[PDB]
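As a starting point, one isolated chain is supplied in structure tokens, in the form deposited in one PDB entry.
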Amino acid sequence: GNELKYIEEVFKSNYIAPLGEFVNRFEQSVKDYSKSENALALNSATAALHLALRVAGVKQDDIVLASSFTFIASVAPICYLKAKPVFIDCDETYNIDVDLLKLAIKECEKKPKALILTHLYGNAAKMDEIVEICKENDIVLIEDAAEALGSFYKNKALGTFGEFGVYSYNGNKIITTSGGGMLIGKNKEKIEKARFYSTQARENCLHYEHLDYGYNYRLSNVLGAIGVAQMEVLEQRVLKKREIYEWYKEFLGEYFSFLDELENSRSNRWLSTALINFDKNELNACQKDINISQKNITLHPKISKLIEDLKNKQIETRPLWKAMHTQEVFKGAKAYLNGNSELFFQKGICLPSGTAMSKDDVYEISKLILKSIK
């Protein structure tokens, strides 16, 4: 990667070059790749979502639809604005279920202002249906594509379907090497309003004049440099991720279920995932609405053992996301369940997916996993 090279350039030419050179190049690279006409490099994907919600007009007490089977970072922005989240279970793609979504919009006494749709693990959600549903209901679509950069739906890049899209670049570890998020959107004015907010809402004056208040969300040039370096190898990395996914499927497909991506869609498989002792006939066990209360979810015996054994072999595997509708933080919020995300947590396993891995690495891991489940 050109990370070091680019960072050296930042330091060396800082004294003479145009402002935010690499931030500008980072945004352009994302536009070229996604085909979005607007891009804003920010501190994180959470910050991108926060600005999207705000420029979309979300206010305290407004209703915002969201995926239950996701990472809290995708929905916390709803709390920042003191809006109310309504969670929806997922389907066979790991994303928001069409049926449950329609049911929720219908039974909502107050019409939701927007929907934050997560493309979990890089998988595309059923976009044609969801896009239409949001259009027919005057709901702003905000795509949480934090882990879906490189994923496509019918030759269209995830993130370009809604009014706003958000990409992330450095995984979910508590501390990472780099950081940053990119907010993209259809409306130039709205994206530029967000740009305005990302730098403390300064009016164009000789001194500091403020008609509104903003934030400190603008990405730095050093991280923008890393972003350009990462975008340069994105495609190659996505192909490698899918190679890794296909190898796992090849070595474990007998005992684990690897749910297919939508036809005419290309999941970036940013993280390989699989389900043990699973059958599609287990999906949609129920269809009920609830008021959230905390609940633990018991891991399938083979999964907890799998995680433990591979751990003693120095291989890191993890359970899938724990649905928001089971989290204490969202106690009292409305949620629609079909039982799918809890089943996925129960039988799911998240596998090592670093692109530096060779087929042998993926093979040794697969052998250890097979040895553990039998």
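Residues that one form lacks are left out of the comparison. So that there is no doubt, residue numbering starts at 1 and follows the sequence shown. In this text, the rigid core denotes the largest set of C-alpha atoms whose superposition between the two forms falls within 1.5 Å.
The form deposited in another entry exists for this protein as well; it is not shown, and the discussion that follows is about that form.
**Q** Among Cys286, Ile175, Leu211, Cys205, whose C-alpha is off by 2 Å or more between this form and the one not shown on a rigid-core fit?
**A** By this measure, the answer is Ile175.
**Q** Your call: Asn172 and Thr70 CA atoms, closer or farther in the other form versus the shown structure, by 3 Å or more?
**A** Result: farther.
**Q** Closer or farther: how do the Cα atoms of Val238 and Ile174 compare in the other form relative to this form, given a change of at least 3 Å?
**A** It is closer: in the other form, the C-alpha atoms of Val238 and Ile174 lie at least 3 Å nearer than they do here.
**Q** Mind listing the moving segments between this form and the one not shown, meaning three or more residues in a row, each Cα shifted 2 angstroms or more, core aligned?
**A** Run moving 2 Å or more: only 170 to 177.
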